[PDB]
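> Shown below is the structure under consideration.
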Amino acid sequence: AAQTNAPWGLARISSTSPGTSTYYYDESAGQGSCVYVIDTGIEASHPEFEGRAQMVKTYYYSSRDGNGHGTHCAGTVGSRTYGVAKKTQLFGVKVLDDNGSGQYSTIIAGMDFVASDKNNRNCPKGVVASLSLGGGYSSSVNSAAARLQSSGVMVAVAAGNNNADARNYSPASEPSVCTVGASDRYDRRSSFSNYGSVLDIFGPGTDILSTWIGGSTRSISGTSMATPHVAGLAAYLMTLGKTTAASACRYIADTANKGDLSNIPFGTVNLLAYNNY
């Protein structure tokens, strides 16, 4: 399948080269997979979600996304126009308040929630969790992400936006999950992207158009925007039967575009997520 005039990041993940604008993907499109977006919530009535999004948990007085950040990330995973996996099922877990903030204890509870809640959902092709959040190093946060991965969920986490080594941030620094850096449309490391040996992969993260609250759209930047590209890619590849939740990060790294990015510090992988379609 081909989507013309796609957001640059979608075109990038199906291309061997930067500078094109059509997204190419197998029409299965992640059908039968599920992706949990652990964030500020999802405005599930957005027409772009087509009834495939739903809230499954909040830790706050409402499940509404009063921020936009979770809606944007969910759109990059799975919206019809802005999403990588256009037929996946999206599940919102609101661990962040409408200012985008959350306590680590709530974030941990949300990760353990997903590890159990997937047993209440129909995801025959597999389960992914996208965590566009993080803060300073916490062994408890890293352990929660490790448990979620161990339970059979492909966990993709943002590297962080500090232009620093991700080893000092969580859950970015957890070795067993997929830690995602950000790139721009010219195949440069995004200026804010964290780096370091703990990164597994880069995805598009500068100037990413997606869904927003109030039935709208906007373009924003962050490793938060790169992470859902990789989460959606994992769901897509699991639907195709190419990989599994336990192996998808490694598979994505093995099949990535190699050596295409600039300003990658010595010791950080030079790997850009690629669907090889």
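Chain labels run A, B, ... following the order of the structure tokens; each chain numbers its residues from 1, and ligands are numbered from 1 in the order shown.
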Using only C-alpha atoms, tabulate the residues of region 16-113 of chain A lying at most 9 Å from any atom of region 147-170 of chain A, each with its closest atom pair and that distance in Å to one decimal, by chain and increasing residue number, as CSV.


residue,atom,partner,partner_atom,distance
A:111,CA,A:148,CA,6.2
A:112,CA,A:148,CA,6.4
A:113,CA,A:148,CA,8.9

> What's around residue 185 (chain A) at 8 Å? Count only C-alpha atoms, leave out sequence neighbours fewer than 6 positions away in its own chain, and write the answer as a CSV table (one decimal) with C-alpha atoms, in the first residue's frame.


chain,number,residue,atom,x,y,z
A,8,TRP,CA,7.9,12.8,6.6
A,9,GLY,CA,8.5,10.4,9.4
A,12,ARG,CA,11.2,7.8,6.3
A,18,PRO,CA,15.5,10.7,3.2
A,19,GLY,CA,13.7,13.3,1.2
A,204,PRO,CA,11.7,10.4,13.3
A,206,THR,CA,11.7,16.5,14.8

> Please determine, counting only C-alpha atoms, which residue among A:116, A:142, A:263, A:40 has the shortest atom-to-atom distance to residue 92 (chain A).

A:40

> Quick one, how far is CA of residue 249 (chain A) from CA of residue 48 (chain A)?

27.1 Å

> Have a look at A:56, A:127, A:6, A:199 and name the one nearest to residue 234 (chain A); count only C-alpha atoms.

A:127

> Hey, what does DSSP flag as alpha helix (DSSP H) within region 81-272 of chain A? Can you give it to me as number ranges by chain?

A: 104-117, 139-150, 223-239, 248-255

> Got a sec to tell me which of region 14-233 of chain A DSSP assigns to strand (DSSP E or B), as number ranges by chain?

A: 23-24, 33-39, 53-58, 89-94, 126-131, 135-136, 154-158, 165, 169-170, 178-183, 188-189, 195, 201-204, 208-212, 216-220

> Please, could you write that set of residues out with C-alpha atoms as a PDB file, in the first residue's frame?


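Output contents, as saved in selection-v5.pdb:
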ATOM      1  CA  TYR A  23       4.658   5.932   3.020  1.00  0.00           C
ATOM      2  CA  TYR A  24       4.717   2.316   1.751  1.00  0.00           C
ATOM      3  CA  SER A  33      -2.043  -6.280  17.303  1.00  0.00           C
ATOM      4  CA  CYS A  34      -2.516  -3.883  20.177  1.00  0.00           C
ATOM      5  CA  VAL A  35      -0.514  -0.893  21.362  1.00  0.00           C
ATOM      6  CA  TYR A  36      -0.820   0.635  24.819  1.00  0.00           C
ATOM      7  CA  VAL A  37      -0.033   4.340  24.888  1.00  0.00           C
ATOM      8  CA  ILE A  38       1.011   5.117  28.465  1.00  0.00           C
ATOM      9  CA  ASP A  39       0.744   8.891  28.563  1.00  0.00           C
ATOM     10  CA  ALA A  53      -8.789   3.723  20.252  1.00  0.00           C
ATOM     11  CA  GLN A  54     -10.095   3.389  23.773  1.00  0.00           C
ATOM     12  CA  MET A  55      -9.105   4.359  27.280  1.00  0.00           C
ATOM     13  CA  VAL A  56      -8.539   1.396  29.581  1.00  0.00           C
ATOM     14  CA  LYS A  57      -7.140   3.076  32.723  1.00  0.00           C
ATOM     15  CA  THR A  58      -6.628   6.412  34.431  1.00  0.00           C
ATOM     16  CA  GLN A  89      -5.981  -1.371  18.375  1.00  0.00           C
ATOM     17  CA  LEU A  90      -4.901   1.511  20.633  1.00  0.00           C
ATOM     18  CA  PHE A  91      -5.328   1.399  24.431  1.00  0.00           C
ATOM     19  CA  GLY A  92      -4.822   4.519  26.515  1.00  0.00           C
ATOM     20  CA  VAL A  93      -3.366   4.393  30.033  1.00  0.00           C
ATOM     21  CA  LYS A  94      -3.392   7.863  31.625  1.00  0.00           C
ATOM     22  CA  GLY A 126       1.014  -9.379  19.872  1.00  0.00           C
ATOM     23  CA  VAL A 127       1.163  -6.454  22.280  1.00  0.00           C
ATOM     24  CA  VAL A 128       3.317  -3.290  22.360  1.00  0.00           C
ATOM     25  CA  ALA A 129       3.599  -0.480  24.905  1.00  0.00           C
ATOM     26  CA  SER A 130       4.774   3.009  23.984  1.00  0.00           C
ATOM     27  CA  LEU A 131       6.234   5.116  26.831  1.00  0.00           C
ATOM     28  CA  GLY A 135      12.768  11.369  34.330  1.00  0.00           C
ATOM     29  CA  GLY A 136      15.939  10.825  36.311  1.00  0.00           C
ATOM     30  CA  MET A 154       7.305  -5.032  23.301  1.00  0.00           C
ATOM     31  CA  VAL A 155       8.258  -1.975  25.360  1.00  0.00           C
ATOM     32  CA  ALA A 156       9.440   1.118  23.469  1.00  0.00           C
ATOM     33  CA  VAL A 157      10.630   4.068  25.587  1.00  0.00           C
ATOM     34  CA  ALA A 158      11.821   7.565  24.787  1.00  0.00           C
ATOM     35  CA  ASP A 165      23.663  10.187  27.850  1.00  0.00           C
ATOM     36  CA  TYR A 169      17.277   8.642  32.800  1.00  0.00           C
ATOM     37  CA  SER A 170      14.459   6.145  33.368  1.00  0.00           C
ATOM     38  CA  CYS A 178      13.761  -0.616  23.360  1.00  0.00           C
ATOM     39  CA  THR A 179      15.192   2.875  23.956  1.00  0.00           C
ATOM     40  CA  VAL A 180      14.439   5.247  21.070  1.00  0.00           C
ATOM     41  CA  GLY A 181      16.393   8.348  20.015  1.00  0.00           C
ATOM     42  CA  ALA A 182      15.141  11.017  17.633  1.00  0.00           C
ATOM     43  CA  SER A 183      16.244  12.081  14.145  1.00  0.00           C
ATOM     44  CA  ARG A 188      20.619  14.244  11.580  1.00  0.00           C
ATOM     45  CA  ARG A 189      20.329  13.284  15.214  1.00  0.00           C
ATOM     46  CA  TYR A 195      22.312   9.291  23.104  1.00  0.00           C
ATOM     47  CA  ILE A 201      17.310   2.622  17.603  1.00  0.00           C
ATOM     48  CA  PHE A 202      16.414   6.056  16.228  1.00  0.00           C
ATOM     49  CA  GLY A 203      13.104   7.134  14.821  1.00  0.00           C
ATOM     50  CA  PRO A 204      11.721  10.366  13.336  1.00  0.00           C
ATOM     51  CA  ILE A 208       6.227  15.265  13.507  1.00  0.00           C
ATOM     52  CA  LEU A 209       2.632  15.919  12.405  1.00  0.00           C
ATOM     53  CA  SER A 210      -0.032  13.941  14.276  1.00  0.00           C
ATOM     54  CA  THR A 211      -3.423  14.168  15.968  1.00  0.00           C
ATOM     55  CA  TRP A 212      -4.150  16.626  18.760  1.00  0.00           C
ATOM     56  CA  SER A 216      -7.126  18.868  15.520  1.00  0.00           C
ATOM     57  CA  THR A 217      -3.568  18.170  14.333  1.00  0.00           C
ATOM     58  CA  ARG A 218      -0.167  19.723  14.976  1.00  0.00           C
ATOM     59  CA  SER A 219       3.555  19.185  14.478  1.00  0.00           C
ATOM     60  CA  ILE A 220       5.779  18.869  17.557  1.00  0.00           C
TER      61      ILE A 220
END

> Enter the distance from CA of residue 1 (chain A) to CA of residue 29 (chain A), in Å, rounded to one decimal.

9.3 Å
